[PDB]
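Peer 1: compute the structure for the input listed below.
(2 chains, ligands or ions: 2)
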Amino acid sequence: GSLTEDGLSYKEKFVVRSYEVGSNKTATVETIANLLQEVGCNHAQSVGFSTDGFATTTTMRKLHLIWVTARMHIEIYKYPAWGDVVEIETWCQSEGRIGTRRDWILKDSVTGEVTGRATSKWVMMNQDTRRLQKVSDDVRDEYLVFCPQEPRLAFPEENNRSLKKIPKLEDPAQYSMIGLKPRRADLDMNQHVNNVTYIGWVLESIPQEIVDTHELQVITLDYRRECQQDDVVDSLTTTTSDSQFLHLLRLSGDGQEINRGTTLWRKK
Amino acid sequence: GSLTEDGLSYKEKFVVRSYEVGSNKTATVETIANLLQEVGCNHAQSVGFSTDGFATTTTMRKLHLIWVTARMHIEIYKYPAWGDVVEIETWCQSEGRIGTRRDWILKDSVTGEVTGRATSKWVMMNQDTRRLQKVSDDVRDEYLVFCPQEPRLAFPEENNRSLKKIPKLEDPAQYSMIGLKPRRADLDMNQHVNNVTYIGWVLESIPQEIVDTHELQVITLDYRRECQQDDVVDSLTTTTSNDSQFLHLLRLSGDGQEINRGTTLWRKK
Ligand SMILES: N#CCc1ccc(O)cc1
Ligand SMILES: N#CCc1ccc(O)cc1
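Peer 2: Residues are numbered from 1 along each chain as shown, chains lettered A, B, ... in the order given. Ligands and ions are numbered 1, 2, ... in the order given. Below you will find the coordinate block:
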């Protein structure tokens, strides 16, 4: 992997592994989401950020602030097969004082054709109190030298699928998968549940017949609250229609919301 | 990745990923086990085997036979950190008519020092009836041109832990983790639970205090029966022992049918 010539974006190639593919012998959306995280981490390291915190500037570390994912939006036109080489380019951009955005473009390394794209919204949070906040001018100025100055968007379209509000699923859900718990492989180096695990949990309540006859084209996921290592989750899905679904992840007991999302599936 | 000069073994390098590491900032034993499977699959493809069946010879496909893992044995001296490059060499060997063995050696790509080793026993099984069987002369003769003729063992030692029988854990278990279920990410391309998921499930019943103060040095796991995609599993552990040893049992949540038994050895950090 390497920064591009202008030092404003980062590219990395990956050869798809045997255990990374699903029933169609192509990479799962969870494998794609893990590769997006990996290239995002390698971009932060190449531009000088320490490994003891993801993209935390010097001021962020003194104020005990971290970046947290508020929303993830992924669109896949073609999933890479086992043995295929996918190239991923990633970049960041400041969004005033709301937060930061990280975008990605996926290409088939052999043909150079765009096979997917993703975008994500990140907010500042105090790691101890878990209190969200707007981005300080002091902090914002420290990371602007690593971002393109003119807007560069993976989803240019004015008011598209990546920027639409998500409604709350109403009981009763059409489908559900209950009692989902993270295991040690679902945790990161800081013992927090990996963001990709929540994508897997959302998808668990999609019926197998949809998965067997359709391919996932779009997924938008909002992150409201973390699942702890000792928490239990329920995954809820209702068809809102190509098939479209509304999703809700909530704590098994009191029903506290952890995520809400939408998926769009194309007939194979 | 590539076959070595003699075409009797295969080598591949991997750069350890951010999401592949645990609380020590080093690769988990589950990440290691996934890399071992990946290099095993790439070795089979390089020597001519089709992607529509792992290392299935021509006779095997005609008779609906597949290789299944009976035992996995892994020893790690040093876990690679995030960003480190690990080189893995793998090879196969026929073990008479019992089955085949696949071995691995792990090295730090920078220093060339051996940081781990693994070995595994594979048996022939009919895909449809799930009935085990001995390896016929015809099947054995078809894969011997891809194996070293003189024995080459990752665990040569006359008195080593990879070949010792495993006792059945007796109730009550000292520790347990109940109601474990596979999700779609735990399945392979054929909708079967990945062998590595069972390693994760075994480890789930180890107390967090042990994980936080020790590193896993050795794991031996026997595969008795598959967990289906709609099955629920219970993970049981009892301390059998500055090194801690444990006896493990995975069984179906309801009737208590055995799926795996194993042992782990942990060294104090
Ligand atoms: N994008 C990206 C990388 C990244 C994702 C999640 C996380 O906790 C740290 C880094
Ligand atoms: N070793 C190795 C490769 C391998 C492992 C499991 C499986 O089902 C197929 C291939």
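Peer 1: C-alpha from now on. contacts and neighbour counts both.
Peer 2: Will do.
Peer 1: secondary structure element for the residue in the stretch 51-200 of chain A that ligand 1 sits nearest to?
Peer 2: Nearest residue of the stretch 51-200 of chain A to ligand 1, counting by C-alpha to the nearest ligand atom: residue A:54, 5.4 Å away. Take DSSP states H and E as the rule and residue A:54 turns out to sit in neither a helix nor a strand.
Peer 1: buried ones in stretch A:168-182?
Peer 2: Residues of stretch A:168-182 classed as buried by neighbour count (16 or more other C-alpha atoms under 10 Å in any protein chain shown): A:169, A:173, A:176-178, A:180-182.
Peer 1: meant to ask about stretch A:150-167, not that
Peer 2: For stretch A:150-167, the buried set under the neighbour-count rule, 16+ other C-alpha under 10 Å, comprises A:153-155, A:161-162.
Peer 1: using a markdown table, lay out the buried residues of stretch A:168-182 together with distance to ligand 2 and secondary structure.
Peer 2: Putting the buried residues of stretch A:168-182 into a markdown table (distance: C-alpha to the nearest ligand atom, whole Å; DSSP: H, G, I helix; E, B strand; the rest coil) gives the following:
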| residue | distance to ligand 2 | secondary structure |
| --- | --- | --- |
| A:169 | 38 | coil |
| A:173 | 36 | coil |
| A:176 | 29 | strand |
| A:177 | 26 | strand |
| A:178 | 28 | strand |
| A:180 | 25 | strand |
| A:181 | 25 | coil |
| A:182 | 23 | coil |
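Peer 1: OK, contacts around whatever residue of the stretch 151-268 of chain A ends up closest to chain B?
Peer 2: Proximity of the stretch 151-268 of chain A to chain B (C-alpha to the nearest C-alpha) peaks at residue A:189, 4.2 Å away. When contacts are counted by C-alpha atoms under 8 Å, 6 or more residues apart in numbering or on different chains, residue A:189 is found next to B:19, B:21-25.
Peer 1: phi, psi for residue A:37 please.
Peer 2: Main-chain torsions, residue A:37, degrees, to the nearest 10: phi -60, psi -50.
Peer 1: now do the contacts for residue A:29.
Peer 2: residue A:216 are the contacts of residue A:29 under C-alpha under 8 Å, 6+ apart.
Peer 1: before we move on, back to that, just give me the neighbour total for the residue of the stretch 51-200 of chain A closest to ligand 1.
Peer 2: Other residues near residue A:54 number 15, with proximity taken as other C-alpha atoms under 10 Å in any protein chain shown.
Peer 1: ok so, going back, ok but the residue of the stretch 151-268 of chain A closest to chain B is inside a helix, no?
Peer 2: No - applying DSSP: H, G, I helix; E, B strand; the rest coil, one finds residue A:189 to be coil, outside a helix.
Peer 1: so where do the helices sit in the stretch 51-200 of chain A?
Peer 2: In the stretch 51-200 of chain A, the segments counted as helices under DSSP state H, counting those that start in this stretch are A:58-62, A:137-143, A:195-204.
Peer 1: mind checking which of the buried residues of stretch A:150-167 are in strands?
Peer 2: Among those, no member falls in strands (DSSP state E).
Peer 1: would you point out the most distant pair within the residues you listed?
Peer 2: The largest separation in the buried residues of stretch A:150-167, counting by C-alpha to C-alpha, is between A:153 and A:161 at 13.4 Å.
Peer 1: just name the most buried of the helices of the stretch 51-200 of chain A.
Peer 2: The highest average neighbour count among those, using mean count of other C-alpha atoms under 10 Å in any protein chain shown, belongs to helix A:195-204 at a mean of 21.
Peer 1: buried residues in the helix or strand that that one is followed by?
Peer 2: Remark: after helix A:195-204, the chain's next helix or strand is helix A:208-213, criterion DSSP H and E. The neighbour-count criterion (16+ other C-alpha under 10 Å) identifies residue A:211 as the buried residues of helix A:208-213.
Peer 1: so how far is helix A:208-213 from its chain's centroid?
Peer 2: In terms of C-alpha atoms, centre = their mean, to the nearest Å, the centre of helix A:208-213 is set 23 Å apart from its chain centre.
Peer 1: alpha carbons only: can I get that helix in CSV?
Peer 2: What follows is helix A:208-213, C-alpha atoms only, in CSV (Å, rounded to 0.1, in the frame of the first residue of the first chain):
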residue,chain,number,x,y,z
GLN,A,208,-31.8,-17.4,3.7
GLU,A,209,-34.0,-17.5,0.5
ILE,A,210,-33.3,-13.8,-0.2
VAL,A,211,-29.6,-14.4,0.3
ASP,A,212,-29.7,-17.5,-2.0
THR,A,213,-31.6,-15.6,-4.8
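Peer 1: in space, what's closest to the residue nearest the centre of chain A - neighbours in sequence excluded?
Peer 2: With distances taken as C-alpha atoms, centre = their mean, residue A:72 lies nearest the centre of chain A, 4.0 Å away. Excluding the flanking residues, the one nearest residue A:72 by C-alpha to C-alpha, 6 or more residues apart in numbering or on different chains is residue A:120, at 4.5 Å.
Peer 1: residues near that neighbour, how many?
Peer 2: Using other C-alpha under 10 Å, the number of residues around residue A:120 comes to 20.
Peer 1: hang on, isn't it packed against residue A:95?
Peer 2: No - here residue A:120 lies out of contact with residue A:95, judged by C-alpha atoms under 8 Å, at a distance of 11.6 Å.
Peer 1: shared neighbours, these two?
Peer 2: residue A:101.
Peer 1: residue A:220 contacts residue A:119, correct?
Peer 2: No - at 9.6 Å, residue A:220 does not count as touching residue A:119 under the criterion of C-alpha under 8 Å.
Peer 1: between these two, what contacts are shared?
Peer 2: Shared contacts of residue A:220 and residue A:119, defined by C-alpha under 8 Å, 6+ apart, comprise A:72-74, A:162.
Peer 1: what does the stretch 51-200 of chain A put close to chain B?
Peer 2: A:180-181, A:183-185, A:187-191, A:194, A:200 (C-alpha under 8 Å from any C-alpha of the partner chain).
Peer 1: run the last query once more with 6 Å
Peer 2: Contact residues (C-alpha under 6 Å from any C-alpha of the partner chain) of the stretch 51-200 of chain A with chain B: A:188-190.
Peer 1: what sits against the residue nearest to the centre of chain A?
Peer 2: Applying C-alpha atoms under 6 Å, 6 or more residues apart in numbering or on different chains to residue A:72 gives the contacts A:120, A:220-221.
Peer 1: could you do residue A:222 as well?
Peer 2: A:70-71, A:259-261.
Peer 1: so which of those belong to strands?
Peer 2: Short answer: the contacts of residue A:222 in strands (DSSP E) are A:70-71, A:259-261.
Peer 1: just the buried residues of these.
Peer 2: Buried among these by 16+ other C-alpha under 10 Å: A:70-71, A:259-261.
Peer 1: quick one, strands of the stretch 1-150 of chain A?
Peer 2: Here the stretch 1-150 of chain A has its strands, by DSSP state E, counting those that start in this stretch, at A:2-3, A:10-15, A:65-76, A:85-95, A:99-108, A:114-126, A:132-133.
Peer 1: so which of these comes closest to ligand 2?
Peer 2: With C-alpha to the nearest ligand atom as the measure, strand A:10-15 is the member of those nearest ligand 2 (16.7 Å).
Peer 1: if we can go back for a sec, turn the ones in strands among the contacts of residue A:222 into TSV, columns for distance to ligand 1.
Peer 2: Output for these, formatted as TSV (distance: C-alpha to the nearest ligand atom, whole Å):
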residue	distance to ligand 1
A:70	11
A:71	11
A:259	16
A:260	18
A:261	18
